[PDB]
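J.: So that we are looking at the same thing, I have put the structure below in structure tokens.
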Amino acid sequence: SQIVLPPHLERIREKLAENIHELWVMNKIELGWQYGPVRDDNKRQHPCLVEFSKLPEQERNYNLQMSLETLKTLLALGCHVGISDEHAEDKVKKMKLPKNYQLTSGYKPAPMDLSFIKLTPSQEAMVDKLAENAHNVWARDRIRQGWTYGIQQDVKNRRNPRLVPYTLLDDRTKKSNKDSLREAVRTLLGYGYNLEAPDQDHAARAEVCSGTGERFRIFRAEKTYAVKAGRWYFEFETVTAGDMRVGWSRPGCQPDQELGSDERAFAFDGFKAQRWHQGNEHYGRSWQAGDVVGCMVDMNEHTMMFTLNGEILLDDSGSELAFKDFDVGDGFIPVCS
Amino acid sequence: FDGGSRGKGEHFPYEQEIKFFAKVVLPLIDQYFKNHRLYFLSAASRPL
Amino acid sequence: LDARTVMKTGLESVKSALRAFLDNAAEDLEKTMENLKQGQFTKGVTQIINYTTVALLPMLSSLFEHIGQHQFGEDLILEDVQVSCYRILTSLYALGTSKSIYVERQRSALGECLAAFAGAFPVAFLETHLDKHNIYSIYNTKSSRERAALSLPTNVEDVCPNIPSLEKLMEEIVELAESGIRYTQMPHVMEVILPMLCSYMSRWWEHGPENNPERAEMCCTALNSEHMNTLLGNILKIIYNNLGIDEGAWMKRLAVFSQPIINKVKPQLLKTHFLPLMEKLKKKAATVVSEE
Ligand SMILES: Nc1ncnc2c1ncn2[C@@H]1O[C@H](COP(=O)(O)OP(=O)(O)OP(=O)(O)O)[C@@H](O)[C@H]1O
């Protein structure tokens, strides 16, 4: 609502709307619909075959605002507006289609072929968001009509399986409207006004948000199983690769603090390839999905070792000791975050 | 300086200009770029 | 340097300047080699040679090491960049093979710059049998009309006539190994050929079918792990036959350029194959020569 149409986009826009309704009635003829008084699939006929003036003014109106709203979405997504030269637009490219493809309309069905224009990958990336926005517009319109999602379409209860997020939208209708949007934007650029794609933002959302306030869970053995002397081994299997920490913790370890942040835990974060005890250093490499981490503690000389699929993980230097020196204290138990 | 080096007069009007350049501008380039080497190589491949 | 972002987004004068950089470097070492080979008898030429050794060898070596180690540069090297690179390789290799007292001073700088070139250069120039398969090839990209328009030999062999073929290079290095000749007679082989062959095979390991058996005979280049075992074996035999005298840090240079090959070969292949060098370290304990 806040944005307005610049005069250049407007006086190219009336011709854009003409071309769009033309392409609509010709896609209507390759789908094969004919001219008739009433629209019906069995009769395979449709009154909107004639040009916009003879075409029902109601449908002419709807074509026109959906075109203008689409291009306002183009402008509102941050598309770099620009023109190569007005001569390119003044030299509109106007082939003839074959006689069989010719229709009742006196003018030609396809003045311009998609062949000589090669849309930029950034342009298809843009038209992806354009399809997202068009689908969302249709969806809110149906919600305000009163429709709601249902696996089976029912006109009585206003149920539609198509009222789903576009990521889950059906592939058939998805690609149909998607190719319609292909050709719409391709004609927009090829008619003369070469809109430049917006900046391809490489910023990663990082998925910082999580369910509830809890951000990690700490799994540990019972405090009574603490070991104060001897050599011990246990394994950690990483089903999925991500932010996990495995190691040995003292029985006083807090369940709400990260492992290794305090002095009560000795952990290895392979996601960042880091050891964790009162801070983080660089230790070992990263694990992948399915990797198994074996944790060794030698409570005789107070050393700790880690493995990744068998091979010893090593420090920044050549030392294999993750933690050379620590007090026995009250013992250690296996722990993971 | 190439023009004046072919000339007989080897007096350089911009001697302190090039003194500043060579002994300040050049080393700060090296230090800055070795300190932030990763900053340039990072090319939307998400390092750091 | 950041070749990706420069090539996809860059202002045209910067583009032209970055091609002109290595074009000027190319003509620099071309005139340098021409005037030094013409100068069999002894100040402008001396200034050019000094500038060459001081800067051109470090500039090209550092740039090309960066390109090779970061494995990118493919879109950086396009029309006229390839031909600049072929002129540079022809000159540097032809003079690293030719023997002169002037070269014998900075042989090693050449020995490490030529190796960096081999890693950075993206088209298989040792092999021409299946070279047409390689899409990056300026021959395939540039098309017949432009290849006729450009000052191109129109034959891949004619592009680099001085350089030898890879298969005869490794059979001759095997022959030299079994002959056991000293480093003194023909040093050039063991300071340039070995580094370039190891850097070449190291870059094109994954291009070879041994990593991707698919698209068979559509492979750009053909190479095998057994060829690598032969290479490592005859390198060890070179560092074997050549222990008595002459010592040399070129031991350490060839070891560091062969570090990739011995790292990427399997440990089971390391066993029973490289234990000779560990036991020779004891066998040459009385000797002063340094190995590995
Ligand atoms: N309000 C309307 N008045 C007249 N014709 C209409 C109207 N709405 C749609 N049409 C006609 O129907 C065609 C396509 O219908 P539309 O895209 O609105 O269907 P839909 O309800 O979204 O379909 P679906 O069953 O897949 O959910 C239009 O091109 C036009 O010819």
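For the structure tokens, the naming scheme is as follows: chains receive sequential letters (A, B, ...) according to their order of presentation, residues are indexed from 1 within each chain, and ligands are indexed from 1 in presentation order.
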I need the chain B residues near chain A as a PDB file with C-alpha atoms, in the first residue's frame; criterion: at most 12 Å, counting only C-alpha atoms.
T.:
```pdb
ATOM      1  CA  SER B  42      35.351 -15.180   2.969  1.00  0.00           C
ATOM      2  CA  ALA B  43      33.078 -15.069  -0.089  1.00  0.00           C
ATOM      3  CA  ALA B  44      29.552 -16.030   1.072  1.00  0.00           C
ATOM      4  CA  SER B  45      30.846 -19.566   1.598  1.00  0.00           C
ATOM      5  CA  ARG B  46      30.325 -18.808   5.327  1.00  0.00           C
ATOM      6  CA  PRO B  47      33.784 -18.794   6.911  1.00  0.00           C
ATOM      7  CA  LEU B  48      33.667 -17.249  10.384  1.00  0.00           C
TER       8      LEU B  48
END
```
J.: What does the list of residues within 7 Å of ligand 1 look like if you count only C-alpha atoms and all ligand atoms, written as a list in words?
T.: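 Checking only C-alpha atoms and all ligand atoms against ligand 1 at 7 Å gives residues 58, 59, 160 and 162 of chain A.
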J.: Identify, on the basis of only C-alpha atoms, every residue whose closest approach to region 21-34 of chain C does not exceed 9 Å; exclude the query and any residue fewer than 4 positions from it along the same chain; express the result as a PyMOL selection string.
T.: chain C and resi 16-17+38-39+45+48-49+52+56+60+80-81+84-85+87-88+91-92+95
J.: Write a file of the just-selected residues containing N, CA, C and O atoms, as a PDB file, in the first residue's frame.
T.:
```
ATOM      1  N   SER C  16      40.171  -5.790 -17.055  1.00  0.00           N
ATOM      2  CA  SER C  16      41.233  -5.615 -18.037  1.00  0.00           C
ATOM      3  C   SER C  16      42.588  -5.469 -17.366  1.00  0.00           C
ATOM      4  O   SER C  16      43.581  -6.007 -17.858  1.00  0.00           O
ATOM      5  N   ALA C  17      42.647  -4.756 -16.240  1.00  0.00           N
ATOM      6  CA  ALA C  17      43.903  -4.588 -15.519  1.00  0.00           C
ATOM      7  C   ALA C  17      44.394  -5.909 -14.945  1.00  0.00           C
ATOM      8  O   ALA C  17      45.600  -6.174 -14.924  1.00  0.00           O
ATOM      9  N   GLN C  38      70.203 -14.966 -25.495  1.00  0.00           N
ATOM     10  CA  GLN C  38      71.019 -14.255 -26.471  1.00  0.00           C
ATOM     11  C   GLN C  38      72.296 -13.715 -25.840  1.00  0.00           C
ATOM     12  O   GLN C  38      73.327 -13.607 -26.514  1.00  0.00           O
ATOM     13  N   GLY C  39      72.252 -13.382 -24.553  1.00  0.00           N
ATOM     14  CA  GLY C  39      73.402 -12.839 -23.862  1.00  0.00           C
ATOM     15  C   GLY C  39      74.355 -13.896 -23.352  1.00  0.00           C
ATOM     16  O   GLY C  39      74.612 -13.981 -22.147  1.00  0.00           O
ATOM     17  N   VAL C  45      69.884  -5.345 -19.586  1.00  0.00           N
ATOM     18  CA  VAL C  45      69.573  -6.767 -19.484  1.00  0.00           C
ATOM     19  C   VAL C  45      69.792  -7.262 -18.059  1.00  0.00           C
ATOM     20  O   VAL C  45      68.992  -8.046 -17.530  1.00  0.00           O
ATOM     21  N   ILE C  48      66.873  -6.171 -16.003  1.00  0.00           N
ATOM     22  CA  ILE C  48      65.690  -6.993 -16.258  1.00  0.00           C
ATOM     23  C   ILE C  48      65.800  -8.332 -15.541  1.00  0.00           C
ATOM     24  O   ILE C  48      64.836  -8.804 -14.927  1.00  0.00           O
ATOM     25  N   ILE C  49      66.973  -8.970 -15.605  1.00  0.00           N
ATOM     26  CA  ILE C  49      67.146 -10.272 -14.953  1.00  0.00           C
ATOM     27  C   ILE C  49      67.036 -10.133 -13.436  1.00  0.00           C
ATOM     28  O   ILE C  49      66.446 -10.981 -12.753  1.00  0.00           O
ATOM     29  N   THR C  52      63.481  -9.700 -12.565  1.00  0.00           N
ATOM     30  CA  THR C  52      62.871 -11.017 -12.692  1.00  0.00           C
ATOM     31  C   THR C  52      63.063 -11.826 -11.419  1.00  0.00           C
ATOM     32  O   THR C  52      62.095 -12.124 -10.715  1.00  0.00           O
ATOM     33  N   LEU C  56      59.466 -11.119 -10.104  1.00  0.00           N
ATOM     34  CA  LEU C  56      58.582 -11.893 -10.972  1.00  0.00           C
ATOM     35  C   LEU C  56      58.441 -13.325 -10.478  1.00  0.00           C
ATOM     36  O   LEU C  56      57.333 -13.872 -10.430  1.00  0.00           O
ATOM     37  N   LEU C  60      54.711 -14.465  -9.278  1.00  0.00           N
ATOM     38  CA  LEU C  60      54.043 -15.597  -9.896  1.00  0.00           C
ATOM     39  C   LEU C  60      53.988 -16.794  -8.963  1.00  0.00           C
ATOM     40  O   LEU C  60      52.949 -17.454  -8.889  1.00  0.00           O
ATOM     41  N   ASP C  80      42.200 -15.535 -23.348  1.00  0.00           N
ATOM     42  CA  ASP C  80      43.502 -14.868 -23.378  1.00  0.00           C
ATOM     43  C   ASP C  80      44.286 -15.080 -22.081  1.00  0.00           C
ATOM     44  O   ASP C  80      45.525 -15.051 -22.087  1.00  0.00           O
ATOM     45  N   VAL C  81      43.606 -15.472 -21.001  1.00  0.00           N
ATOM     46  CA  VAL C  81      44.339 -15.832 -19.790  1.00  0.00           C
ATOM     47  C   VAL C  81      45.040 -17.164 -19.991  1.00  0.00           C
ATOM     48  O   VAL C  81      46.196 -17.346 -19.583  1.00  0.00           O
ATOM     49  N   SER C  84      48.124 -16.550 -22.220  1.00  0.00           N
ATOM     50  CA  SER C  84      49.164 -15.975 -21.373  1.00  0.00           C
ATOM     51  C   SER C  84      49.843 -17.056 -20.541  1.00  0.00           C
ATOM     52  O   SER C  84      51.078 -17.119 -20.470  1.00  0.00           O
ATOM     53  N   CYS C  85      49.047 -17.943 -19.936  1.00  0.00           N
ATOM     54  CA  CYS C  85      49.602 -19.019 -19.124  1.00  0.00           C
ATOM     55  C   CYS C  85      50.438 -19.999 -19.943  1.00  0.00           C
ATOM     56  O   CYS C  85      51.478 -20.457 -19.463  1.00  0.00           O
ATOM     57  N   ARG C  87      52.127 -19.303 -22.771  1.00  0.00           N
ATOM     58  CA  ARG C  87      53.401 -18.648 -23.050  1.00  0.00           C
ATOM     59  C   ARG C  87      54.317 -18.682 -21.832  1.00  0.00           C
ATOM     60  O   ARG C  87      55.510 -19.006 -21.953  1.00  0.00           O
ATOM     61  N   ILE C  88      53.768 -18.377 -20.652  1.00  0.00           N
ATOM     62  CA  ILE C  88      54.581 -18.392 -19.438  1.00  0.00           C
ATOM     63  C   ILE C  88      55.152 -19.783 -19.193  1.00  0.00           C
ATOM     64  O   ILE C  88      56.345 -19.931 -18.900  1.00  0.00           O
ATOM     65  N   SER C  91      57.989 -20.681 -21.729  1.00  0.00           N
ATOM     66  CA  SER C  91      59.254 -20.013 -21.442  1.00  0.00           C
ATOM     67  C   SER C  91      59.915 -20.592 -20.194  1.00  0.00           C
ATOM     68  O   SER C  91      61.084 -21.004 -20.231  1.00  0.00           O
ATOM     69  N   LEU C  92      59.173 -20.647 -19.082  1.00  0.00           N
ATOM     70  CA  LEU C  92      59.785 -21.048 -17.819  1.00  0.00           C
ATOM     71  C   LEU C  92      60.255 -22.494 -17.865  1.00  0.00           C
ATOM     72  O   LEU C  92      61.345 -22.808 -17.380  1.00  0.00           O
ATOM     73  N   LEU C  95      63.372 -22.937 -20.160  1.00  0.00           N
ATOM     74  CA  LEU C  95      64.637 -22.459 -19.613  1.00  0.00           C
ATOM     75  C   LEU C  95      64.995 -23.155 -18.301  1.00  0.00           C
ATOM     76  O   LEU C  95      66.157 -23.133 -17.884  1.00  0.00           O
TER      77      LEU C  95
END
```
J.: Can you tell me, as number ranges by chain, what residues are no more than 10 Å from region 233-250 of chain A when counting only C-alpha atoms, ignoring any on the same chain fewer than 5 positions away?
T.: A: 216-221, 223, 226-227, 258-260, 263-272, 274-277, 286-298, 304-309, 328-337
J.: Do you know which residues are at most 10 Å from residue 7 (chain C) counting only C-alpha atoms, after dropping those on the same chain fewer than 6 positions away, and could you put them as an MDAnalysis selection string?
T.: chainID C and resid 14:15 73:77
J.: Would you mind listing, as a count of residues only, all residues of chain C that have at least one atom within 8 Å of chain B, where only C-alpha atoms are what counts?
T.: 4
J.: CA of residue 166 (chain C) and CA of residue 121 (chain C) are how many Å apart?
T.: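 Calculated distance between CA of residue 166 (chain C) and CA of residue 121 (chain C) is 15.4 Å.
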J.: For residue 159 (chain C), list every protein, DNA or RNA residue within 10 Å, evaluated using only C-alpha atoms, and leave out those in the same chain fewer than 5 positions away; present the list as a VMD selection string.
T.: chain C and resid 83 86 to 87 90 125 152 to 154
J.: Excluding residue 29 (chain A) and residues on its chain fewer than 3 positions from it, collect all residues at most 10 Å away from it, counting only C-alpha atoms, and give them as a PyMOL selection string.
T.: chain A and resi 23-26+32-35+45-46+49+101-104+109
